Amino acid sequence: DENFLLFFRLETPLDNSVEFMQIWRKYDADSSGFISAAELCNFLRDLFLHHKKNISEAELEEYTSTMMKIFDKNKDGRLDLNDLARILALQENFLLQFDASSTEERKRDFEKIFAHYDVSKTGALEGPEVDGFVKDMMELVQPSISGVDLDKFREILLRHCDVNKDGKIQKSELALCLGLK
C-alpha cells in the first residue's frame, strides 16, 4: 500500500485527558500554545523508538510534513489542542458519563471523578492533572479552549479551590468548592 500510516496502528486511543495533557505539555517546548512542525517531529521520533521501529530522519521529516498537511485545519503551520487530540485519538469527554441528587450518590460520583483525574494516586490534583480536568470541565460550558488559555485557567481554578494555598488541589478542596459535604 503506502509507507506511513504505521502511526495509526501504533496509536491506541486515550481514555483520559490527563495523559493527553502530559504529552501536550511535553512537546510544546516554547509554551506557545500550539504544536509546530519541529515539535511534532520530536513527538513522532520518540513515539517510534519506544516501539523500536526504525526511521531515517529523511522520512521522519516526510511523515511529519504529511501529518501537518492532514491535521492542520487552517494551514497556518500550527496544530492547536483539538488538532492534536485527533492525532492522539482522544475519546469522548469523560465527564459526559454522568441525575443523582442524593447526598451519597454525589459523593459516589465525586470519588469516581477524582479517581479518574488523580492518576498519580497522591490524593491531590497537580500539573497535567489540573489541565486534564480543566479541559474536560471547560468544554461543558463553552466551545473549546486554546492552548494559551490553560496557564490562565489553572491559575484561576487554584484561586477558587486551593483553600490551604499550597499549589495543588486536594480531594477535600475540590469537594468543598463543588459544594459537597
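We number the residues from 1 along the sequence you see.
The modelled chain breaks between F98 and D99, where 1 to 3 residues of the deposited sequence lack coordinates. Two stretches are in play, 20 to 28 and 162 to 170, and the higher mean C-alpha B-factor belongs to 162 to 170.
100 to 108 and 75 to 83 differ in mean CA B-factor, and the higher of the two is recorded for 100 to 108. Highest CA B-factor among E39, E59, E139, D131, as stated in the entry: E59. Residue set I35, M67, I55, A115: peak C-alpha B-factor at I55 (per PDB entry). When the CA B factors of the chain's modelled residues are split into thirds, the value for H51 lands in the highest one. In the deposited entry, the Cα temperature factor of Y63 places it in the highest third of its chain's modelled residues. Among the modelled residues of its chain, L180 has a C-alpha B-factor that falls in the middle third, as given in the PDB entry.
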